[PDB]
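Asks: Mind having a look at this structure? Questions to follow.
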Amino acid sequence: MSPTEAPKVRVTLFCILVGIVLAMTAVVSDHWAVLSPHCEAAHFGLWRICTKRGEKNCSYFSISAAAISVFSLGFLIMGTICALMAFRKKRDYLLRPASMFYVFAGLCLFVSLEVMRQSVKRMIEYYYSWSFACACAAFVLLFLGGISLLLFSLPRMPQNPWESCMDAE
Amino acid sequence: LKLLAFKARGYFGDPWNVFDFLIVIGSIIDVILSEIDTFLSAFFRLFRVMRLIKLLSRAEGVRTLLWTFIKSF
């Protein structure tokens, strides 16, 4: 009850509940780039590429980011199944593994972010408004709500010779 | 082997086993990446190097000294 029902571990776990959906806001919305030739204004994403002058023509062609963000959405499911099952049956060791997959799901958007930047750099201007700063707020959420959950979930430094990491009780 | 020999309850109990798990997973992703690259991220090739930290799992004087100071800071 001490590492799983403390409030400092549930403020963090509710914070991941924000970043679990903001990284889902990014992975469906295709709004993190603006092609601006000057009409041929196109808005890039992972899955659909839509050119807007209504003449809303959304289609596909980017592959790297898409493939990479199957894993960022893959670790997330795999981390929550560890996290949803670690609040019951008095097991808390499981809380730590869940914190692993949220760092990874954090860092598998950050490849995605870097992968999407190259596409806009090779292809007329660039501007991101709606879903790069979404995912750069779900990167920084999941990457840092994972490392802090990790240090909030371990037994902790003993601070005395008798105390030990991983011991009686 | 370690997992099969600790029903997963005692494996994830040792703070070093968690580090082991972390390293492994990342190292694999690295390989799969290097793969889906050529089938159709200089951060994942850093999971190979982090294995060396395990060595700190046996060294008992280094580990001890380390903890001692990391506990004062």
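Residue names in the structure tokens use chain letters A, B, ... in the order shown, residue numbers from 1 in each chain, and ligand numbers from 1 in the order shown.
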Compute the set of chain A residues within 10 Å of chain B, using only C-alpha atoms, and express it as a compact mmCIF listing (two decimals) with N, CA and C atoms, in the first residue's frame.

Replies:
```txt
# COMPACT_ATOMS: atom_id res chain seq x y z
N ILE A 63 7.03 6.92 -43.93
CA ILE A 63 6.91 5.51 -43.58
C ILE A 63 7.68 5.19 -42.30
N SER A 64 8.86 5.78 -42.17
CA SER A 64 9.70 5.56 -41.00
C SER A 64 8.97 5.96 -39.72
N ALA A 67 5.99 3.62 -39.01
CA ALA A 67 6.45 2.33 -38.51
C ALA A 67 6.99 2.46 -37.08
N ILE A 68 7.65 3.58 -36.81
CA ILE A 68 8.22 3.83 -35.49
C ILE A 68 7.12 4.08 -34.46
N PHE A 71 5.32 1.23 -32.59
CA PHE A 71 5.94 0.83 -31.34
C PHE A 71 5.65 1.81 -30.22
N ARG A 91 0.54 -6.48 -5.46
CA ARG A 91 1.82 -6.60 -6.13
C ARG A 91 2.22 -5.22 -6.62
N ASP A 92 3.45 -4.83 -6.33
CA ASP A 92 3.93 -3.49 -6.63
C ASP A 92 5.23 -3.50 -7.38
N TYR A 93 5.84 -4.67 -7.49
CA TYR A 93 7.08 -4.86 -8.24
C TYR A 93 6.76 -4.56 -9.69
N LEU A 94 5.55 -4.95 -10.09
CA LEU A 94 5.04 -4.78 -11.45
C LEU A 94 4.94 -3.31 -11.83
N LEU A 95 4.82 -2.44 -10.83
CA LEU A 95 4.72 -1.01 -11.11
C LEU A 95 5.99 -0.53 -11.81
N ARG A 96 7.15 -1.04 -11.37
CA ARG A 96 8.43 -0.65 -11.96
C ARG A 96 8.55 -1.03 -13.44
N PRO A 97 8.11 -2.30 -13.79
CA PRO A 97 8.24 -2.61 -15.23
C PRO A 97 7.38 -1.69 -16.09
N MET A 100 8.91 1.24 -17.29
CA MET A 100 9.88 1.10 -18.35
C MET A 100 9.25 1.41 -19.68
N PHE A 101 8.06 0.89 -19.91
CA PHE A 101 7.44 1.04 -21.20
C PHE A 101 6.94 2.44 -21.45
N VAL A 103 8.82 5.10 -20.52
CA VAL A 103 9.99 5.77 -21.06
C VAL A 103 10.18 5.36 -22.51
N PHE A 104 9.99 4.10 -22.81
CA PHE A 104 10.18 3.71 -24.18
C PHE A 104 9.10 4.34 -25.04
N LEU A 107 10.29 7.72 -25.74
CA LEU A 107 11.40 7.82 -26.67
C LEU A 107 11.09 7.28 -28.05
N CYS A 108 10.01 6.54 -28.23
CA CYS A 108 9.62 6.15 -29.57
C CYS A 108 8.66 7.13 -30.22
N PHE A 110 9.94 10.40 -29.86
CA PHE A 110 11.06 11.29 -30.12
C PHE A 110 11.87 10.86 -31.33
N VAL A 111 11.89 9.57 -31.66
CA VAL A 111 12.37 9.19 -32.99
C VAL A 111 11.38 9.65 -34.04
N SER A 112 10.10 9.44 -33.76
CA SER A 112 9.04 9.83 -34.68
C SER A 112 9.11 11.33 -34.98
N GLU A 114 11.73 13.25 -34.80
CA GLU A 114 12.92 13.49 -35.61
C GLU A 114 12.71 12.99 -37.03
N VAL A 115 11.94 11.91 -37.17
CA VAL A 115 11.67 11.32 -38.47
C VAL A 115 10.75 12.20 -39.31
N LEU A 154 10.51 2.36 -6.86
CA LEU A 154 11.54 1.48 -6.34
C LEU A 154 11.51 1.53 -4.82
N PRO A 155 12.21 0.54 -4.16
CA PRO A 155 12.13 0.60 -2.70
C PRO A 155 12.66 1.91 -2.12
N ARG A 156 13.74 2.45 -2.70
CA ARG A 156 14.42 3.70 -2.31
C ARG A 156 15.77 3.43 -1.65
N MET A 157 16.63 4.44 -1.64
CA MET A 157 17.95 4.29 -1.04
C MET A 157 17.78 4.03 0.44
N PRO A 158 18.61 3.06 0.99
CA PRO A 158 18.39 2.81 2.42
C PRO A 158 18.64 4.01 3.35
N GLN A 159 19.73 4.74 3.15
CA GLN A 159 20.04 5.90 3.98
C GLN A 159 20.68 5.56 5.33
N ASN A 160 20.90 4.27 5.57
CA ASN A 160 21.51 3.78 6.81
C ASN A 160 22.14 2.44 6.49
N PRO A 161 23.07 1.94 7.30
CA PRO A 161 23.64 0.64 6.92
C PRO A 161 22.63 -0.52 6.98
N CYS A 165 18.29 -2.20 -0.29
CA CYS A 165 17.38 -2.06 -1.42
C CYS A 165 16.85 -3.46 -1.66
N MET A 166 15.53 -3.60 -1.61
CA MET A 166 14.89 -4.89 -1.79
C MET A 166 15.13 -5.76 -0.56
N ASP A 167 14.32 -5.62 0.48
CA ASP A 167 14.55 -6.44 1.67
C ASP A 167 13.29 -6.94 2.37
```

Asks: Can you list, as a list in words, all residues belonging to chain A that DSSP tags as strand (DSSP E or B)?

Replies: residues 41, 42, 43, 49, 50, 51, 52, 57, 58 and 59 of chain A

Asks: Using N, CA and C atoms, can you write the selected residues to a file as a PDB file, in the first residue's frame?

Replies:
```pdb
ATOM      1  N   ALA A  41      -1.301  24.309 -50.343  1.00  0.00           N
ATOM      2  CA  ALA A  41      -0.915  24.242 -48.939  1.00  0.00           C
ATOM      3  C   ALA A  41      -1.253  22.871 -48.375  1.00  0.00           C
ATOM      4  N   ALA A  42      -0.226  22.112 -47.989  1.00  0.00           N
ATOM      5  CA  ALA A  42      -0.380  20.737 -47.545  1.00  0.00           C
ATOM      6  C   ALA A  42       0.024  20.594 -46.085  1.00  0.00           C
ATOM      7  N   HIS A  43      -0.680  19.697 -45.386  1.00  0.00           N
ATOM      8  CA  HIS A  43      -0.523  19.464 -43.954  1.00  0.00           C
ATOM      9  C   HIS A  43      -0.097  18.026 -43.719  1.00  0.00           C
ATOM     10  N   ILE A  49      -1.835  12.665 -46.092  1.00  0.00           N
ATOM     11  CA  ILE A  49      -1.243  13.899 -46.595  1.00  0.00           C
ATOM     12  C   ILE A  49      -2.323  14.640 -47.364  1.00  0.00           C
ATOM     13  N   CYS A  50      -2.695  15.820 -46.882  1.00  0.00           N
ATOM     14  CA  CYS A  50      -3.872  16.500 -47.377  1.00  0.00           C
ATOM     15  C   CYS A  50      -3.491  17.908 -47.817  1.00  0.00           C
ATOM     16  N   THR A  51      -3.843  18.259 -49.051  1.00  0.00           N
ATOM     17  CA  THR A  51      -3.535  19.552 -49.656  1.00  0.00           C
ATOM     18  C   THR A  51      -4.820  20.352 -49.778  1.00  0.00           C
ATOM     19  N   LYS A  52      -4.854  21.507 -49.128  1.00  0.00           N
ATOM     20  CA  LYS A  52      -6.045  22.338 -49.010  1.00  0.00           C
ATOM     21  C   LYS A  52      -5.792  23.665 -49.716  1.00  0.00           C
ATOM     22  N   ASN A  57      -8.515  17.221 -50.260  1.00  0.00           N
ATOM     23  CA  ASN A  57      -8.009  15.997 -50.884  1.00  0.00           C
ATOM     24  C   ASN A  57      -7.003  15.349 -49.934  1.00  0.00           C
ATOM     25  N   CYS A  58      -7.463  14.415 -49.116  1.00  0.00           N
ATOM     26  CA  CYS A  58      -6.587  13.738 -48.168  1.00  0.00           C
ATOM     27  C   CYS A  58      -6.237  12.344 -48.684  1.00  0.00           C
ATOM     28  N   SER A  59      -4.947  12.025 -48.714  1.00  0.00           N
ATOM     29  CA  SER A  59      -4.475  10.743 -49.245  1.00  0.00           C
ATOM     30  C   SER A  59      -3.128  10.403 -48.608  1.00  0.00           C
TER      31      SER A  59
END
```

Asks: Give the answer as one residue: which of A:145, A:106, A:3, A:37 has the shortest atom-to-atom distance to residue A:75, using only C-alpha atoms?

Replies: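 Of A:145, A:106, A:3, A:37, the one nearest residue A:75, counting only C-alpha atoms, is A:106.
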